[PDB]
Every structure is written in structure tokens, then in C-alpha cells.
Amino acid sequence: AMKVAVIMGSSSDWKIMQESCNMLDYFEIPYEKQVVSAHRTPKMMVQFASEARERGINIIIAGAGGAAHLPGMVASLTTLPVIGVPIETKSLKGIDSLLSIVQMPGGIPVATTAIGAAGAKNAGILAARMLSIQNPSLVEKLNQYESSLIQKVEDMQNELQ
């Protein structure tokens, strides 16, 4: 069965990270969500990452802000693909988040999304694309999603009043 984990260091991250869960629901991909802090709960992060695959999780989506270490550290402790969402910060508006997630050393990858809500939405969509390789029923849903994007642009044509 398909399963994604959606994780973040604080419940304050939820307004953003819920966008990943919204897309997973749209594609009918099961997920778990939880607060896992790289800095406040480092041992609970290590346990989560290490145990994820054997628990049946296929992909981890992880959001973090500032000195954003959660995605990279989780990726270092699992063989699963990890998608990292940079969360926008008060001062640097997510530039710190972006660089601290994307610039991983050769050897340990993180699939980095856009900063903020767009990135959280894209993490869910990216997870659906990844899962569509082994789960062919998703391909049709992905085709229909693409059609919905075309429809959205058509719907916007009369909004340049």
C-alpha cells in the first residue's frame, strides 16, 4: 500500500505544510503527519527516520525553516526519498531555509521544493509522481490533474478586466 509521511518541526508550520496533505488527499495517497523537530527532538527525529521504511512509509516530506536541518538529517538516516520544503522565515523570507536544505553534499540527496506554500503543494504533487512509477493507477489521476491546470488557465481568461 502507498504511504507518505509529512513532518515539520512546529505546529506553526502547519498552515504551510497542510498544502502537501491537501494534494495527497486529492490523489488519494495515504499519509501520516507529525511534528518532528531536528533541534528540539533530535533523538525522536533519528528514530522516526530510521524506522520509517520498515514501518511502510514510501516517501518523507519534511518542512523546516531558518537553519533548516530536518530534511537533510532525515535523508541521512533513511534510504527513502526525502522531499524538503523550505519554510519562509520572518527576516530572510526563506532564503536561509532554501540554502540550508538545497545545498546538500554529494552523497546524500534532498529533493528541494519552492519556498513556502507553493513548495508544500509541490511536495504532494511530486510524491504522487514518484509513486506513479510503481502504482500505475496514479498515472490517470496525474493526467486529469494536468487537465485541471489547463482548465484553470482557461477559467482565468476573463479575469483581465
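All residue numbers are counted from 1 along the displayed sequence.
Checked against the record, the higher mean CA B factor of 20-28 and 134-142 lies with 134-142.
Set 90-98 against 56-64 and average the Cα temperature factors; 90-98 ends up higher. Of the candidates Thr112, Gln34, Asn122, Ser37, the one whose C-alpha carries the top B factor in the deposited record is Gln34. For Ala117, the recorded CA temperature factor ranks within the middle third of the chain's modelled residues. Ranked by C-alpha B-factor against the other modelled residues of its chain, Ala127 falls in the lowest third.
When the CA B factors of the chain's modelled residues are split into thirds, the value for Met44 lands in the highest one.
Per the deposited record, the Cα B-factor of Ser148 falls in the middle third when ranked against the other modelled residues of its chain. Ranked by C-alpha B-factor against the other modelled residues of its chain, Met156 falls in the lowest third.
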